[PDB]
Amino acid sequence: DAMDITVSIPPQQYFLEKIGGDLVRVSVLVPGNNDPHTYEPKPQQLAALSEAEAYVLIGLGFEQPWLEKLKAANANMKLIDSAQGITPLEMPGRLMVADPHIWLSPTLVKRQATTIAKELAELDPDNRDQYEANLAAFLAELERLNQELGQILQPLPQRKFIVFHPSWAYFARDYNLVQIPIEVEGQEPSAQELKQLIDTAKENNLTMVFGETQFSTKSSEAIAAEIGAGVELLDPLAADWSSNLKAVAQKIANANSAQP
């Protein structure tokens, strides 16, 4: 019957569905409207883990906060580090911690899905073919999306974009963009740092402040007001992954192109 796999975030469900089809029944630990960095799994969720045949970790220390509770919920549960074999980027803040947001890189997702499929075929060999097949289809979908995002951003005069939460480092890396984070987690306590950001923005004529759906937009609205730019939201946990990245790229493009 359908194999019960659990994942940390909505985007992973997208990948598991593409790879597993009706052979998997995916459960998500962190809701899309929540900040996974300060998320605490609920008791009902820990209880349900006893049925999970495996759990797909994002890796790179993303699940560290509840990593142990997971093993305690089920030691038999196979932990799938979907980030293995990938060279990570350093976090914007402290330059000695890996950046976990690799699920927003189409190219890197190819690797993530490949690790998932390989692992699903080990627990359920009979369907090894459907997994490898679904994987191939998905990969090709990825290269397509990758190429599509490239034609939207490549010609953009402006390569920098201001974000609240720094969750697009890997995405901005693939398409030669630079995210300027409003939030930090261990950098310089310079209370005026946000002022340097505003002046840099004004001089480069940045026209938009991209806040994240999972966080308050207060500080982004203020920043934007001061820079004279607009405020838009990007949803890094959107379940509708593929279509979401395209909308994102499109917003970037509308903001980083010669303006009216």
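Residue positions are given as counts along the sequence shown, with the first one as 1.
- Higher average CA B factor: 225-233, of the stretches 209-217 and 225-233.
- In this crystal structure, the stretch out of 51-59 and 190-198 whose C-alpha atoms carry the higher mean B factor is 190-198.
- Which of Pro106, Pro166, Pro125, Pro100 has the largest Cα B-factor in the deposited entry comes down to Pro125.
- In the deposited entry, the Cα temperature factor of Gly85 places it in the lowest third of its chain's modelled residues.
- The PDB entry assigns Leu70 a C-alpha temperature factor belonging to the highest third of its chain's modelled residues.
- Looking at the C-alpha B-factors along this chain, the one for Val178 belongs to the lowest third.
- Sort the modelled residues of the chain by CA B factor and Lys78 lands in the highest third.
- Ranked against the other modelled residues of its chain, the C-alpha B-factor of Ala172 as given in the entry falls in the middle third.
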